[PDB]
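For the protein sequence lines, the chains are UM, CK and UL, in the order given.
In terms of the authors' numbering, the first sequence is residues 585 to 647, 649 to 707, 717 to 817.
In terms of the authors' numbering, the second sequence is residues 496 to 539.
In terms of the authors' numbering, the third sequence is residues 5 to 28, 38 to 264, 270 to 287, 321 to 504, 520 to 687, 745 to 774, 791 to 918.
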Amino acid sequence: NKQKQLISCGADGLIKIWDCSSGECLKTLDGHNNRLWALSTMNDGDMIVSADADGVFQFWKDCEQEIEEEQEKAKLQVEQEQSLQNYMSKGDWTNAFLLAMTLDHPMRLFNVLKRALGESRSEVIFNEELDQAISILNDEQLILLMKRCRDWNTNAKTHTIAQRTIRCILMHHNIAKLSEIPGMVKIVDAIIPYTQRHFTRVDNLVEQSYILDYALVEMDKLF
Amino acid sequence: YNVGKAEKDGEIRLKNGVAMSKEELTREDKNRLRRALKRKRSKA
Amino acid sequence: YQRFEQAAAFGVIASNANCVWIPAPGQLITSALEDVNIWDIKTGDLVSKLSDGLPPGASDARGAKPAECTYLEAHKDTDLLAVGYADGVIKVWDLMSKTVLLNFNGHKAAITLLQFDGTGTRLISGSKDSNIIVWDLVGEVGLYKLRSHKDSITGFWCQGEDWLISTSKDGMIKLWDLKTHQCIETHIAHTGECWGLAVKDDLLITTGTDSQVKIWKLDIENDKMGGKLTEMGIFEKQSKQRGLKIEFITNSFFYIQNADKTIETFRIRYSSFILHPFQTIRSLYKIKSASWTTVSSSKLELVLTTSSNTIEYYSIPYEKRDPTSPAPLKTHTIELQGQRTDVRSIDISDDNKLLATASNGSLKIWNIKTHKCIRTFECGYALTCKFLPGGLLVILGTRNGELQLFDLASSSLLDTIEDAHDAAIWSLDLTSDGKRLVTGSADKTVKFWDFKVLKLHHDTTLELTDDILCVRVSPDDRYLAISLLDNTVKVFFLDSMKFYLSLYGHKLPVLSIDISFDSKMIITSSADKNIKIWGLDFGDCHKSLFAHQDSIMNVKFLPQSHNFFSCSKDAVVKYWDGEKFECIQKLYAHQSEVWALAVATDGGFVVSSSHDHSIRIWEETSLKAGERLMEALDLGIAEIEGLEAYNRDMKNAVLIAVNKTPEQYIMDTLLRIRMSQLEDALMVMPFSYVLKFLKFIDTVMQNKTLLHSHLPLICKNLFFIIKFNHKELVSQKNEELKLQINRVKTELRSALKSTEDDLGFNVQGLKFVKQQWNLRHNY
C-alpha cells in the first residue's frame, strides 16, 4: 500500500518485506510454518493477510506506534536525567538515588551514597526517607545494588560505603527473600572474604589507638 | 573474585572497582578515558 | 624580487551572515568576506566597510585564509557593532571611529549567534561548537561558560541577567538559570535537529526540519519540571524545508525565514485557533536572513539577503485584517556592484578597464580608479571573454555553441554569430595584431576566424581526434598551443598548421596554457596538481613542480620576463620565478575556488575572481614532600589560631581563593602527598610542627565528617608520628596537650568501633544467609 516496502511470500513458509528502491530485505515475518500459497493486501488500512498450505490464516498490520513509544522513552529518559542532575545539585539524595537506580549510573549512585553518609554522620543508617526507599526496592534492583556493593567492597577505600548499604539492606529486607533471589548466593559469597579482610584491618587500627592511650598513661605518670 | 570488564556495552569497569557509564560521563572524561585505553592497548 | 598585495574587493555584497538593519528606510549593515559593509538603501552606495589594517599577502600575513564574517549584531544606542568570525574570534567596532577597540577568543569554530545588552555591558555568544559563553566589555573578560549541548547552538534567547534558553543542532531545548549558573531544564524539541527558536513574553515557537513547528509557553513556576515549559501547540504545513530564523513584530505578527526562497509571515490574535498565517514572500534566489521594519501597523517593510549577492526589500500595505496585496513590493534591490553568480572570465585592457563574465552572461565592465561598475550586458552561460584592443571591444564564448561580441560604448549586440559550434566552445584567443581569431570547441573543433570590417568569418577550421580544452597563440604569432581532453598539448606553426610538436605526460587533462614573450618557454597546468614548464625548441619538459593541492586552475606569465602566477581551487595564488623555480610569494587572499586570473598588460597588478565573488587587484612595490607539608601546616594552624583568638575576643589569600576551610586544606596536602615519601616526611618534620599537627588532628575530630571520610589516612599518620617522637612528647608536660590527646583518643576509638561494628554485623549476617541457603537449596 505504501508502494515502497514491497513484500514477498515464500513457500519456505515466511514473508519478507523491503523498500522497493532499497534492494535489501527489511523485515522478516515467520508466522506460518510449512508453505504459503495466498497473499493479499488491504490498502486503505494496510493489512497483510497470508494463507498457507494448512488451514491457518494470519493477519498482519504495520505500526508507527512503535516509533511513538520509542520517542516517548527517549523523552522520558532525558527528563529523568535532568531530574537526577538537579537532584545531585541541590540535595534530595533520596530522589537522586531513586533516579540513579532507575537509570543505572554507577558514578552518580556512588556519589549519592558517599554524600548521604557525609550528611548522616550528623535505628537509622541514612536519611529516613532513603532507608524507606531501600525498603521498597525491587528484586532486580536489589541484585544490581548488591552487585555494585560487591565491587565497591572489592576496593579498599570504599568499603565504608559498601558495608553501609549492605547493612541497610539487611535491616530492611526479608532474609527469606534474599536467599530466594537467584544468584544472590554467588554475590554474597563474593562479598564475604573481603569483609573479613577489612574486619581485621580495622581491628589493628583499634590496637594502635591503644598505643596512643599508653602514651597518655606514661605522660600522666611523669606529670 | 577479582573484578573484570563489565558485561553491558554501556559501561566500562576499571580494575579498582569503579564502574563507569558511557553516557553519564562528560565529553572530556570520555576523551581522557579514551587516551588511557589507547596507550594501554598500544603498550600491549 | 618585489612585494605586492591586494588593493580592492568587488561584488562582496552578500556573504554568509545576518543582515543588521538600522533606522534612518534607514541604512543596512551586511557581511563582506573578512569585511563588513554598511550602505543606504535608496542610494545603494557603500557608505563604508570595516576591514583589518594589514593587507593580505604582506610580510606579516599568515599563510592561512582570513576568517570570514559569519555573524554580526549591533546596539545603535551604544553605537557598538559586535562581529564574530569563522575561527571563533569576536571583535567589536565603533561606528563613529570605525575602529575596533577590543577582541576576544573563547570558542574553537565559527560563531552562529551574537546577542548583547549594552545595558548589561555584556555580550552573549553561541558558536558552532557546543558551548555558549557570556562576556563583559567593561570587564573585557568571560564571566563564565555555559556548556551542556552536544552539537552546536542554533537558536538562542535570554531574559534580563537571569534566565537563558537555547536550542541546538541536536534536537534538545535547554533552560539555564544564571544565579545557580547551570542548565536546569531540558526537553526533546524535535526528533532530528531543532533549528529555529523565537520566544514571546508568554509563548515561544520552535521549528524543526520538516515544517514541524511547536508552540510552548514560559513561566517562573517553581515545580521541578512544570511551568518552565510545555507542549501545547503543534503547527505545520508552512513549507517542505527546514526553517531557519523566526522573529516577532508588534506595534502582532512574526516571520519564519525558511531555506526554500521563502519567508512566511503569520498573525497572532488549537494551533489554528491561536496562529494566523498572514502571507508568503517569495524571491527568485535562495534566501539567507531577514529583519522587519513596520510603522503604525499599516505597512510591513522587510529586508532580506539572498545566497547570491542580492539585497531585497519588501513592502506590504495592510489593514490589520488583510494583506491587501497578492504580492509584495520590491521597493529596493541592491546588486549593481555584484554579479548574481560565479565569475568565469576576467580580462584587462591596456587602458586597464576590467571585465568579468558569469553564468548570467552578465558581462560587466569595471574600472580600477573608481572600483565601480562601468556597464553591463546579458548573454547567458558564457565561459570565456577577451578584449579586442581595436575599439576596446569584447568577445564571449559560451557553453551554448555561441559566440558574441559587445562594445563598451554602444549597446551589446553589434554582431552575434549563432551555431558557432555544436557543443560548448571552450576557449578562444586573438592574434597579437588582432585580425585572426581562434576558437577551441568541444566539437573537437578549432575554428579560425577573421575580423572583416564589422563582422567575423571563419576562414577555416581544424578537426581533432579528441575534445579540446584550451588554446593559446604566441605573442609573436608564431605558435599555436592546444590542450586537449587527454594529456595532450600540441603546438602548430601559426602560419600553416604544420603540427610542429607534441607534449605529453600530465596523467590528466591540461587546463591552462601560456608561453613567454620570447616564445621560448611554455608553461602548462593540469588537474594533476603540478605545473610543468617546457622548452619549445625541442618540446622538452624542463621542470615539474607540484603545488596547489586541489588543481592548478590557471597560469599566466608576466610581460617582462619569466615570472608567473598560478591559481587553483584550494584558494591560493602562487607567484613563481621560472629561473629559480621557487615560490616567491604565496598569497592567501580569498577562500573559494580561484576560478579566473588575469594579469596586467604591463603593470603588475593581477585580478583573481574566486568562487566567492572576489576580484583582486594586486599592486607591487618546586618544593619537596614534607616541605610542602610544614608550609601548609603553618598556614592552617595560623589561621585556626587567629580564628580562636577572635572568638575569645568576642567572648589567607590562598584560603579565600581556593575556598577551603584550613583543616580541609591540610587534609588536601596530605592526600596529595605520596606514601613512599609520606614516611620520610613525617620523620623530617620537627617537633614544633608535630605539635601543630596534633592541634590539627583535634580540629578534625571536632569536624567529624572529614574524620569519617579519611579515617585510615589520619590514623596511620597520627600513630606513626607518635611512635617516632614518643620520647620527647611524653617528656614534655602540657595540660592542654593532655586534654588534646584524651580527646583524640576518645573520638578515634569511637569512630573505629563504629566502623568495626558495621563490618562485623555484615559478615555475620551474610554468613547466616549463605549457610541458610546452603542448607535449603543444596541437597
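We put the CB at the ideal spot given by N, CA and C, even for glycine.
Should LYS884 of chain UL be flagged as near chain UM, meaning a C-beta pair shorter than 7 Å? At least one beta carbon of chain UM lies nearer than 7 Å to the beta carbon of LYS884 of chain UL.
Are the C-beta of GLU812 of chain UM and some C-beta of chain UL separated by less than 7 Å? It does: the Cβ of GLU812 of chain UM has a partner Cβ on chain UL nearer than 7 Å.
Please determine if the region 435–451 of chain UL and the region 412–425 of chain UL are in contact, where contact requires at least 3 C-beta pairs separated by less than 8 Å. Between the region 435–451 of chain UL and the region 412–425 of chain UL there are three or more C-beta pairs closer than 8 Å, enough to call the two in contact.
When the distance is taken between beta carbons, is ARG487 of chain UL closer than 7 Å to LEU434 of chain UL? No, the pair does not count as a contact, with Cβ atoms beyond the cut-off.
How about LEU752 of chain UL and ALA637 of chain UL: are their beta carbons less than 7 Å apart? Not a contact, by the Cβ cut-off of 7 Å.
Exposure of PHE826 of chain UL, with buried meaning 16 or more beta-carbon neighbours within 10 Å: By the neighbour-count rule (16 or more Cβ atoms within 10 Å), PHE826 of chain UL is not buried but exposed.
Endpoints, alpha helix (DSSP H) assigned at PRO368 of chain UL: Taken as a continuous stretch (DSSP letters only), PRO368 of chain UL belongs to no alpha helix (DSSP H), being part of the beta strand (DSSP E) at 362–368.
Would you tell me roughly how many angstroms separate the C-alpha atoms of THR759 of chain UM and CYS743 of chain UM, rounded to the nearest one? If you take the alpha carbons of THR759 of chain UM and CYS743 of chain UM, they lie about 7 Å apart.
Along the region 188–205 of chain UL, where does the CB come closer than 9 Å to a CB of chain UM? Name the residues. For chain UM, the residues of the region 188–205 of chain UL that bring a beta carbon within less than 9 Å of one of its beta carbons are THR193, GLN195, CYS196, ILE197, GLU198, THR199, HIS200, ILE201, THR204, in chain order.
Show which residues of chain UM have a CB atom less than 9 Å away from the CB atom of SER537 of chain CK. Against chain UM, a Cβ distance below 9 Å from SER537 of chain CK picks out nothing, because the smallest value is about 26 Å.
Taking C-beta pairs closer than 7 Å, name the residues in chain CK that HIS690 of chain UM reaches, listed in chain order. Taking the beta carbon of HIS690 of chain UM as reference, the chain CK residues within 7 Å of it are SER516, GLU519, listed in sequence order.
Distance, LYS230 of chain UL Cα to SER110 of chain UL Cα: Counting only the Cα atoms, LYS230 of chain UL lies some 43 Å from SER110 of chain UL.
Contiguous beta strand (DSSP E) assignments of at least 3 residues, all confined to the region 89–115 of chain UL: Counting only unbroken stretches of 3 or more residues, the beta strand (DSSP E) elements lying wholly within the region 89–115 of chain UL are 93–98, 102–107, in sequence order.
From this set, UL:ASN620, UL:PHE558, UL:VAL621, UL:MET619, which residue's C-alpha is nearest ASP603 of chain UL's C-alpha? The shortest C-alpha separation from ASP603 of chain UL is found at UL:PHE558.
Which same chain residues end up closer than 8 Å to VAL697 of chain UM when comparing Cβ atoms and leaving out the 5 residues on each side of it in sequence? Within the same chain, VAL697 of chain UM has close Cβ partners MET673, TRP678, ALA681, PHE682, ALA685.
Within its chain, find whatever has a CB closer than 7 Å to the CB of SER19 of chain UL; leave out the 5 residues flanking it on each side and keep chain order. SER44, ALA45, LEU46, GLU81, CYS82.
Can you list the residues of chain UM that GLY899 of chain UL reaches, using a CB-CB cut of under 8 Å? Those are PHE793, listed as they occur along chain UM.
Candidates UL:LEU454, UL:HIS472, UL:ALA474: which alpha carbon is nearest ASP466 of chain UL's? For the set UL:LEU454, UL:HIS472, UL:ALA474, the Cα lying nearest the Cα of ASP466 of chain UL is the one of UL:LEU454.
What is the C-beta distance between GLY452 of chain UL and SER492 of chain UL, in whole angstroms, given that I count them as a contact (C-beta under 8 Å)? Going by Cβ atoms, the distance from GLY452 of chain UL to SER492 of chain UL rounds to 7 Å, so yes, they are a contact pair.
CB-CB under 6 Å to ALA659 of chain UM, same chain, minus the five flanking residues each way: which ones, in chain order? Nothing listed; no residue qualifies.
Quick check: the region 761–769 of chain UM against the region 844–860 of chain UL, are there 3 or more CB pairs under 8 Å? Too few Cβ pairs lie closer than 8 Å, so no.
Reduced DSSP category for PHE558 of chain UL - H, G, I as helix; E, B as strand; rest coil: Correct three-state label for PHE558 of chain UL: strand.
If we cut at 7 Å on Cβ distances, does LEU905 of chain UL have a partner in chain UM? Yes, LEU905 of chain UL lies at the interface with chain UM (some Cβ there is under 7 Å from its Cβ).
From this set, UL:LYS423, UL:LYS652, UL:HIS628, UL:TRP25, which residue's C-alpha is nearest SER634 of chain UL's C-alpha? The alpha carbon of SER634 of chain UL has as its nearest neighbour, out of UL:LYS423, UL:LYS652, UL:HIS628, UL:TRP25, the alpha carbon of UL:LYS652.
Counting only C-beta atoms, is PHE858 of chain UL closer than 7 Å to chain UM at any point? Yes, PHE858 of chain UL lies at the interface with chain UM (some Cβ there is under 7 Å from its Cβ).
Extent of the continuous beta strand (DSSP E) to which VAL639 of chain UL belongs: Start and end: 639–643.
Taking buried to mean at least 16 other C-beta atoms within 10 Å of its own C-beta, is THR449 of chain UL buried or exposed? Buried, because 16 or more other Cβ atoms sit within 10 Å of the Cβ of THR449 of chain UL.
Please confirm if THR789 of chain UM has its CB atom under 7 Å from at least one CB of chain CK. Judged by the 7 Å Cβ criterion, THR789 of chain UM is not in contact with chain CK.
8 Å Cβ cut-off: residues of chain UM touching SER848 of chain UL: From the beta-carbon of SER848 of chain UL, the residues of chain UM found nearer than 8 Å are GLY703.
Rounding to the nearest angstrom, what Cα-Cα distance links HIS690 of chain UM and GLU519 of chain CK in this structure? Each residue's alpha carbon lies about 7 Å from the other.
Does the Cβ of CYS604 of chain UM have 16 or more other Cβ atoms within 10 Å, making it buried, or fewer, making it exposed? Answer is exposed; the Cβ neighbour count stays below 16.
Going by DSSP, what residues sit across from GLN10 of chain UL in a beta bridge? The bridge partners DSSP lists for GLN10 of chain UL are UL:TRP684.
Figure out for me which residue from UL:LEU522, UL:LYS337, UL:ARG882, UL:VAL151 has the closest Cα to the Cα of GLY485 of chain UL. The residue among UL:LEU522, UL:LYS337, UL:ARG882, UL:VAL151 with its C-alpha nearest the C-alpha of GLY485 of chain UL is UL:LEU522.
For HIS865 of chain UL, which residues in chain UM fall below 8 Å Cβ to Cβ? Chain-ordered, the chain UM residues with CB closer than 8 Å to the CB of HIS865 of chain UL read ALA809.
Please confirm whether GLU802 of chain UL has its beta-carbon closer than 7 Å to some beta-carbon of chain UM. No - not a single Cβ of chain UM is within 7 Å of the one on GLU802 of chain UL.
Give the secondary structure of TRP25 of chain UL by DSSP, where H, G and I count as helix, E and B as strand, and everything else as coil. Correct three-state label for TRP25 of chain UL: strand.
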